[PDB]
Amino acid sequence: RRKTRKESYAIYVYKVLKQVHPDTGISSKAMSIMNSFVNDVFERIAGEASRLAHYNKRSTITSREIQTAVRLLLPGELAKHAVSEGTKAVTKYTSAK
Amino acid sequence: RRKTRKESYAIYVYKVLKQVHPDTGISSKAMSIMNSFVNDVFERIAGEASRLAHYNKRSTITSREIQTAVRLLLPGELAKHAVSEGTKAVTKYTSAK
Amino acid sequence: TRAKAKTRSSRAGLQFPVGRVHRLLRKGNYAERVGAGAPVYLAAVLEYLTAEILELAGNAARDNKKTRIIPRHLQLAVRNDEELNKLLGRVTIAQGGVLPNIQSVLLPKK
Amino acid sequence: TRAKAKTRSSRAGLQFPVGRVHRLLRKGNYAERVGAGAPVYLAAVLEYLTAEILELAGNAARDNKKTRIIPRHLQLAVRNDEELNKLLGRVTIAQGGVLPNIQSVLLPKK
Amino acid sequence: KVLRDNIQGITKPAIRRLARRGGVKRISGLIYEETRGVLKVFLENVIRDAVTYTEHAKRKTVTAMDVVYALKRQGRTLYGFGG
Amino acid sequence: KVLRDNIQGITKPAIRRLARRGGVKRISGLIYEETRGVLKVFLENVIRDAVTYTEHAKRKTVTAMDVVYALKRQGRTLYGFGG
Amino acid sequence: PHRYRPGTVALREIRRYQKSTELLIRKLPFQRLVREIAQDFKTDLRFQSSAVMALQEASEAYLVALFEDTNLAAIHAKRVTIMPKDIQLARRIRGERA
Amino acid sequence: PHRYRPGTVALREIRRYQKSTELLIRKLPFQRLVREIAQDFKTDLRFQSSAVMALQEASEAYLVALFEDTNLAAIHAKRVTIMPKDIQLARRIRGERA
Amino acid sequence: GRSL
Amino acid sequence: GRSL
DNA sequence: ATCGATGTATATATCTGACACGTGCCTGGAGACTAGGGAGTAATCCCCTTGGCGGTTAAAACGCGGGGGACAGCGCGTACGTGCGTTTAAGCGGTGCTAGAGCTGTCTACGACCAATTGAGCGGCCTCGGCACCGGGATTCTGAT
DNA sequence: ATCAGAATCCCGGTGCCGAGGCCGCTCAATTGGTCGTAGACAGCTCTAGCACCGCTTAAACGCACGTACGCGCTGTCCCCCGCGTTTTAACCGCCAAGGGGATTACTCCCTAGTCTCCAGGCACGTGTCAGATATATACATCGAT
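Chains as they are written, first to last, in the deposited numbering: chain H, 26 to 122; chain D, 26 to 122; chain C, 10 to 119; chain G, 10 to 119; chain F, 20 to 102; chain B, 20 to 102; chain E, 38 to 135; chain A, 38 to 135; chain L, 8 to 11; chain K, 8 to 11.
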């Protein structure tokens, strides 16, 4: 019997990698670091978005809590770009419904 | 109209104070610090108990998650005495329940 | 018919409010479910740590010949106890000040 | 019949999985409710930060004349960028090593 | 209208008092401008977060809770102002 | 089985190599026993928490995830072992 | 006339300000500094009185703790006088500076 | 016979070990140390091989970072030799309360 | 000793 | 500079 | 400068096992739909924030004199680095086995939901005594003689 | 050692406004019950952790040498302290306007939940070429002269 199905971001990191550097590969150990990074940053943002909802007595985490969490957690110009990317994606998604 | 109710631990801090030092009082600024302390330690323990349940794929925070969170968060003797106090209370409760 | 209500705090032998601690666990998005013993155990721990600080702060108040605990006495209690100082290392207590502490090389030579 | 299924990632124009991110937000006990735009915004941010690191790490790999990113190249990428170094300031990258750095007083005199 | 040069309101004797509580016996004359730069950087980090919490609440007033949350996020938990 | 005095297996040339990566040019002979004491305190704090995660899971084997969670508790997040 | 020797009054000042708990920066100058910094992040902000006092408590606690680490750095260099290089070392070893 | 002067090979060793990513402690001695410490917290523990490697990566990264802070302390004292008082200063300013 |  |  | 020897970086050829990819499956994401209550928002109250002024006097700013601390030089001696001949045990590989991690199936003890009822504890009100202030005397440090 | 001066400490007294107690009410904790599913737990299996042997040789060890670094001392210079005078503006008590924080009521838009597919993502197997080893040697640079 095959081993239990364990999810990873590995395929998405690779799909992003081949946009950024189509001729570059990645080692299995480096991919494990990248999977750890994505999980870490996810938990930081989701954790801060959770507190924002709590401090404002909201039941709901929305894109607005995510945007504010990003502005809290990411430094400097890294925050400016991430907020832009997040706003662009939500705009496109809303136009596509 | 009267203001909306704002709950605090102040009355229970005072009840504990009158056990340890019956003749001693507390200023409202010191009580505000004590209320902040209780909220801080609650949030720390419940937060680690939450992660413990998640790491073990459990839906329920039980007294066993609380006991482990206390052993993670408190320094040595504080942990041992807190674990004793918590275990005694749960033992008494389940006998009177 | 219905029995007279006896609080879970009194069943546990606690001053701290087991019923409110249970509500705060349920409302806090900590887990899908909260077991019946969790708020009893947590309330007993919060009560213990409260008593630990207040005892040391009450002693500091007597040393200062004060009847009433003020933030200074909480600071003196926390920083003079090695374990509470470790538990509260990253905490600032407003109006607490600092421990009296001069480096020995700064004291004048006899 | 129902329309042919499109991933929400495709509607968002994302590589990262909006549907999985939405499930993780719902299952992770972050709030009672998760709004529909929250996983789209979060997936876009996670994708952007992934692309930012991989670009710098792919440059470092190319500077070492190597085709594969290895942990060394991730460490060089993060530690040489001021903002990623600040984001990852408390993170240890296994098998990353350290930046080459000798304090000037240690170098031999001419 | 706009405020200017208020960092010089952190007076040399005020910095001395803070150094005295820090147990410092003797203070070089260059410490005061160094200390002002350090304090300004510290306040910028806390206030930037506190304003971020204020704008998320759609409030125009920075509350003490916004400061307490800003300090808590930065690992500098403050007791005595609520929370 | 019982183990004793394995801290001496952290030998002088191993500590020297770590200092070299730390950019250290010249090392006092007293550093080696100082460094061993520091390492032993660090490992005690991490392993105590990792064993606590192990016992709560009712496991007898310490897993890499237990170490990763213990390090994250210390504020020393480790990438590359899962999580 | 009578004169204390250098450092005698400095030691009395240390003893004094380590007993007391009051805030050591003048409140109105600090409040104007807070408002000046805030105006870069948002125009026409208002502040609760307690919000400014929370900032001052946090700021003075931070600076006092930094001066303790700075004093240890100066004494490590066998100096009595703290110098900017002592602040910069304390900040770097803390990980506040890079 | 040929000799390099004192510190010539030390600098050459610094360049080597900052270039490499290899783990610098011997694995079997470190593994026995981990087991000897764990033996105080629970008897008859087992370890995943990756659990020991995670501990070693974390421990070496910690010690390397401490030596960087220790070197800055030594240089602050206008020394080039790191000494235990420098480790103690670095840990104290970090808040490890050495 | 620690409190009760 | 900073990526897209 | 010069030599020369040490050791590091650059080329080339062999090899291999790690990753890049393809396939088969199934699990979990997507499509369509309903229910209902979280959040938007509009209208209102009134808290508390900003702002301005006039007095006082605490604190800041300034100048100055000179004490002692910073720090640049120098001397010396012993602690450390560099080297190498010897010893240790780490590392590799192979093998054997069984502890226990991981999984599946079944049950029921437990916790979530619910409605009815009550009193815990909250807001507000008032009182008085713990602490703030202060003026006078005690005494203890400081430093100069 | 001794003495005069400054400073801090201690005491008795006045008084005020914050802490403690009380009231009364309202909403959140209790009681009693049902439901259903989380997880206790028993049984199984096959991963991988542990133990062991034994060979090779990388690394650790220990001992010699000497040099360059630590640090101990001294001398000089000027920066900082202490403190007396003048100036500033902090503080604070008061008055005022108002902005906007903090509620309400309403209601609709959004998300949770459900069922039904069905294709994205995983575990697995395979092939090959990017990187690791090895040998050679061109080039750097160290340091004795």
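Think of the CB as a built atom: it goes at the ideal place given N, C-alpha and C, for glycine as much as any other residue.
Tell me, to the nearest whole angstrom, how far the beta carbon of residue i is from that of residue j; I am working on the premise that it is less than 8 Å.
{"i": "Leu23 (chain C)", "j": "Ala53 (chain C)", "result": "6 Å"}
{"i": "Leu51 (chain C)", "j": "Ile91 (chain D)", "result": "5 Å"}
{"i": "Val89 (chain E)", "j": "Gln76 (chain E)", "result": "Going by Cβ atoms, the distance from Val89 (chain E) to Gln76 (chain E) rounds to 14 Å, so no, they are not a contact pair."}
{"i": "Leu97 (chain F)", "j": "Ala95 (chain E)", "result": "6 Å"}
{"i": "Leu34 (chain G)", "j": "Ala71 (chain H)", "result": "6 Å"}
{"i": "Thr16 (chain G)", "j": "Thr49 (chain H)", "result": "Wrong, their Cβ atoms sit about 26 Å apart, outside the cutoff."}
Does any C-beta atom of chain F lie closer than 7 Å to the C-beta of residue i?
{"i": "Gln93 (chain E)", "result": "no"}
{"i": "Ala70 (chain C)", "result": "no"}
{"i": "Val100 (chain C)", "result": "yes"}
Name, please, each residue of chain H whose Cβ falls closer than 7 Å to the Cβ of residue i.
{"i": "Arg88 (chain G)", "result": "The contacting residues do not exist; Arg88 (chain G) stays about 13 Å from chain H at best."}
Listing by chain order, which chain L residues have their CB less than 8 Å from the CB of residue i?
{"i": "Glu73 (chain D)", "result": "Those do not exist, as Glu73 (chain D) stays about 22 Å from chain L at its closest Cβ, beyond 8 Å."}
Could you tell me which chain F residues have their CB closer than 7 Å to the CB of residue i, listed as they occur along the chain?
{"i": "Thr93 (chain H)", "result": "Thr71 and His75"}
Hey, does residue i have any beta-carbon neighbour from chain E nearer than 7 Å?
{"i": "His39 (chain A)", "result": "no"}
{"i": "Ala98 (chain A)", "result": "no"}
{"i": "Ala103 (chain C)", "result": "yes"}
{"i": "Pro48 (chain C)", "result": "no"}
Could you tell me whether any Cβ in chain H is nearer than 7 Å to the Cβ of residue i?
{"i": "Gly99 (chain B)", "result": "yes"}
{"i": "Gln112 (chain G)", "result": "no"}
Return yes when the Cβ of residue j is within less than 7 Å of the Cβ of residue i, no when it is not.
{"i": "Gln85 (chain A)", "j": "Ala76 (chain B)", "result": "no"}
{"i": "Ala94 (chain H)", "j": "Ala107 (chain H)", "result": "no"}
{"i": "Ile46 (chain B)", "j": "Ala38 (chain B)", "result": "yes"}
{"i": "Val49 (chain G)", "j": "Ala14 (chain G)", "result": "no"}
{"i": "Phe25 (chain C)", "j": "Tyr37 (chain D)", "result": "yes"}
{"i": "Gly41 (chain F)", "j": "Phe104 (chain E)", "result": "yes"}
{"i": "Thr59 (chain C)", "j": "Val41 (chain D)", "result": "yes"}
{"i": "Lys44 (chain F)", "j": "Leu116 (chain C)", "result": "no"}
Can you pull the DSSP bridge partners for residue i?
{"i": "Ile119 (chain E)", "result": "F:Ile46"}
{"i": "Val81 (chain B)", "result": "A:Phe84"}
{"i": "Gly50 (chain D)", "result": "C:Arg77"}
{"i": "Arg42 (chain C)", "result": "D:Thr85"}
{"i": "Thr101 (chain C)", "result": "F:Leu97"}
Just the chain E side, please: which residues come within less than 7 Å of residue i by C-beta, in chain order?
{"i": "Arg134 (chain A)", "result": "Under the 7 Å cutoff, chain E gives no residues; its nearest Cβ is about 12 Å from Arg134 (chain A)."}
Who are the neighbours of residue i on chain A, taking C-beta pairs under 7 Å?
{"i": "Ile130 (chain E)", "result": "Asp106, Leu109, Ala127, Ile130 and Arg131"}
{"i": "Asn25 (chain B)", "result": "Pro66, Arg69, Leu70 and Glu73"}
Using a Cβ-Cβ cut-off of 7 Å, state whether residue i counts as contacting chain D.
{"i": "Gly106 (chain C)", "result": "no"}
{"i": "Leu51 (chain C)", "result": "yes"}
Which bits of chain D does residue i rub up against, with CB to CB less than 8 Å?
{"i": "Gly44 (chain C)", "result": "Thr85, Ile86, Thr87 and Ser88"}
Of all the CB atoms in chain C, is at least one closer than 7 Å to the CB of residue i?
{"i": "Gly102 (chain F)", "result": "no"}
{"i": "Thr118 (chain E)", "result": "no"}
In chain B, what lies closer than 7 Å to residue i by C-beta?
{"i": "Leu115 (chain G)", "result": "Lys44"}
{"i": "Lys79 (chain A)", "result": "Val70 and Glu74"}
So which residues of chain F does residue i contact, with C-beta pairs closer than 8 Å?
{"i": "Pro80 (chain C)", "result": "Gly99"}
Do we get a CB-CB distance below 7 Å when we pair residue i with the residues of chain G?
{"i": "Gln55 (chain A)", "result": "yes"}
With 7 Å set as the bound, which would you pick, yes or no: does the beta-carbon of residue i sit closer than that to a beta-carbon of chain A?
{"i": "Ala114 (chain E)", "result": "yes"}
{"i": "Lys79 (chain B)", "result": "yes"}
So which residues of chain G does residue i contact, with C-beta pairs closer than 9 Å?
{"i": "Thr29 (chain H)", "result": "Correct list: empty, because the minimum Cβ distance to chain G is about 17 Å."}
{"i": "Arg67 (chain B)", "result": "By Cβ distance, chain G contributes nothing, its closest Cβ being about 19 Å from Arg67 (chain B), past 9 Å."}
Using a C-beta to C-beta distance shorter than 7 Å, which residues of chain D count as neighbours of residue i?
{"i": "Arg11 (chain C)", "result": "Chain D residues near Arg11 (chain C): none, gap ~17 Å exceeds 7 Å."}
Is there at least one Cβ from chain B nearer than 7 Å to residue i's Cβ?
{"i": "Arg49 (chain A)", "result": "no"}
Can you list the residues of chain F that residue i reaches, using a CB-CB cut of under 9 Å?
{"i": "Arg63 (chain E)", "result": "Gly28, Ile29, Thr30 and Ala33"}
Any beta carbon from chain L within less than 7 Å of residue i's own beta carbon?
{"i": "residue 123 (chain D)", "result": "Limits of chain D in this structure are 26 at one end and 122 at the other, which puts residue 123 (chain D) out of reach."}
Using a C-beta to C-beta distance shorter than 9 Å, which residues of chain B count as neighbours of residue i?
{"i": "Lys122 (chain H)", "result": "Simply none; closest approach about 36 Å."}
{"i": "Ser61 (chain H)", "result": "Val87, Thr96, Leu97, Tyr98, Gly99, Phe100, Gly101 and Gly102"}
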